[PDB]
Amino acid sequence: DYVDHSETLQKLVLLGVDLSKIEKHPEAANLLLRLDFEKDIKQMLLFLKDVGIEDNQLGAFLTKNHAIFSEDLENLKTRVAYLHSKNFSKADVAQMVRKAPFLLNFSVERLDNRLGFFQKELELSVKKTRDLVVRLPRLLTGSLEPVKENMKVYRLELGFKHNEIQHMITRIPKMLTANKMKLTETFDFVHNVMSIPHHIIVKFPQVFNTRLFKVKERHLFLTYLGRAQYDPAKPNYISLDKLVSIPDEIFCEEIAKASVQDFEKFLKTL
């Protein structure tokens, strides 16, 4: 059987499928080992093309979704029709399935319940709720627990108001599932060590999408230089987005007003 399967396996490899990943899932791997490309696999690939997975995206999709050959094609079609009934366009669904390859493995009822959860939990407009999951489609496929927990962390532990949270998460949807320890450490540093008020953090939520060491290195250097001026009502104001976004060379010259060599020297005292 190995010899007769070789041409199918070769085809999957040429597509960029990583069989070593699929091999971690023994029943799926044993099914694939027994599938023929023309008879069993091709009709699945043609469906994926129709929903918008391009040929050069199939390898990554099939490597992630080791379960796709175990779903009934009729059910996959029904789930796509459900998404369309919810006003997700063809372009939306193509992006959602590529970025969240398990999406069509969820039943109609589960997809409906998951969309309803995000509507109820975040309280966004219908439209902004669709925009949110089009932007981060894995919200629909992952555990919902970190979402519930992080909503309570932002409000009850970090002190943001409900409207502030909506503002931040629509811009940075990954905030909804971010590691709680990392969110807390970033908040404590930016709010308490840098003394930045909630309403300013709300305006620049990308600080929750920045690795904290970078925020810290830059704040400590500016502090060392007497240039850590984060209040827009005073001169030499440095905004949080400048601080987290501009590359080292420009941060040094334009913001810290110091050489990169001196920044490097400072970082060695940390």
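Numbering starts at 1 and follows the sequence shown.
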Study note, to complete from the structure: As the entry reports it, the stretch among 216-224 and 27-35 with higher mean C-alpha B factor is 216-224
Check your understanding: Is the mean CA B factor in the deposited entry higher across 14-22 or across 243-251?
Key -> 243-251
Revision key, fill the gap. Entry record, C-alpha B-factors for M96, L104, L73, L122; the maximum is at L122
Check your understanding: According to the deposited entry, which of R211, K49, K42, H66 has the largest Cα B-factor?
Key -> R211
Review point. Can you tell me which third, lowest, middle or highest, the CA B-factor of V207 falls into for its chain?
Key: middle
Review point. Within this chain, which third does the Cα B-factor at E157 fall in: lowest, middle or highest?
Key: highest
Check your understanding: Which third of the chain does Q166 land in by C-alpha B-factor: lowest, middle or highest?
Key -> highest
Review point. When the modelled residues of the chain are sorted by Cα temperature factor, does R110 land in the lowest, middle or highest third?
Key: lowest
Revision key, fill the gap. Entry-reported C-alpha B-factor of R138 relative to its chain, by third, is lowest
